[PDB]
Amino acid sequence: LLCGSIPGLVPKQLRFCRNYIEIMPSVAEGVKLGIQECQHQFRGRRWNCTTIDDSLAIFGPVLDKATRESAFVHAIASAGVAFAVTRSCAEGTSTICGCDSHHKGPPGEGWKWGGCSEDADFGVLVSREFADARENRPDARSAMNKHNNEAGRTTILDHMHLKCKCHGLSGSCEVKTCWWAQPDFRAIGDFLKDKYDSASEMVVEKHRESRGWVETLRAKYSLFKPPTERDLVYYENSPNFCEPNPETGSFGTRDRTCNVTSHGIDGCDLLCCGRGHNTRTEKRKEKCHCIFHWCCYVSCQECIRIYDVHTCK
C-alpha cells in the first residue's frame, strides 16, 4: 500500500505514514509538485531534472552524489511537501488539520481577519518529522541533506503573505477581508533557483561523539559570509552533463531540443557542447483567423503553421 514504494523505509517512518495516513496523499503530491517545478526551473539546461523520481521513494536513504543539483532537488522536494500539505489542510475536509485558527493580532485598519489562513506551520512540521524519521547517520551527505531540506521547508514559512478579498458595494475595496496565505508555488521555485545559483560549497571535517565519528560541514571559502539556514550547501563537484556519464551521472545532451536564437545554455553551441545540431521541420494544424460575430459566437479558420526544431548531436 502507501509508503511501500520507499525502498529503505525504516519503522519510525512507517509509523508516521500510518499515524498521518490522512495527509499522506498530500505529502506525495508535495514531492510531485517540487520535482515538476525542478523540471521547469531547469527546462533548458544540460541537466533538465528528468532524472529524478517523483515518488515517496525520495524519502528514506539519501545516497545521490552531493552536487549542487541534488541540493536543489531535495530542497524543492521538502518545500513541495510543506506546500501541498498546508494547501490540502486549507481545503478543509480533514480531521487532523485545517485552516490556521489561532488568534491573529488586531487587523490593519482597512480590513478584518477572515477567510481561511493556511497553516504553514503544520505543513513544515510534517515535512520535518517525516524526513527526520529516517535512520540517522553521522554522514557528511546526511549533514548536507539536513541543511538543504530545512532551507526548502523554511521558505514555505518565509513566503506567507497577506491576501484580501474586496466585498461591499460593487466590490469596492473599502470592506476588506484578509488572511495569511501561500504564494503560487512558482515563487518558491524561483526563490530556491536563486539560492541554487549562490549555493555555498563546503568541505568535510569529522569529530567524535559518544556514538563514534560524526562528519560536519564547513564553508570552503572562509572570506565570504557563511551559509545560513535558508541557503543551499553542497560539497561535491557537479559532473560534465555533456556526454552520457558512464558512471550513471546522467545522459548526454544528444537529441535534446535546441534554440538557435540563444547564445546561452539553451542555445545550440552550449547545450550541445560544441557538437553539431540536427534540424527537422514540422507542421501543426491550428485555428488562426478567428472572427467574433455579434452575437455571440466565434468562427475559426484552419491553417497550418510550420516551425523548425534543432536537436543536438
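In this text, residue numbers run from 1 along the sequence as written.
Higher mean CA B-factor, judged across 204-212 and 182-190 from the recorded values: 204-212. Between 125-133 and 217-225, the higher mean Cα B-factor belongs to 217-225.
Take 150, 197, 118, 243 and read off each C-alpha B-factor from the entry; 243 has the highest. Highest C-alpha temperature factor among 104, 165, 146, 159 per the entry: 104. For residue 10, the recorded CA B-factor ranks within the middle third of the chain. Only modelled residues enter the ranking.
Remark: residue 59 belongs to the lowest third of its chain, ranked by C-alpha B-factor as recorded. Sort the chain's modelled residues by C-alpha temperature factor and residue 34 lands in the lowest third, per the entry. For residue 80, the recorded CA temperature factor ranks within the lowest third of the chain's modelled residues. Residue-level temperature factors show residue 45 in the middle third of its chain, judged at the C-alpha atom.
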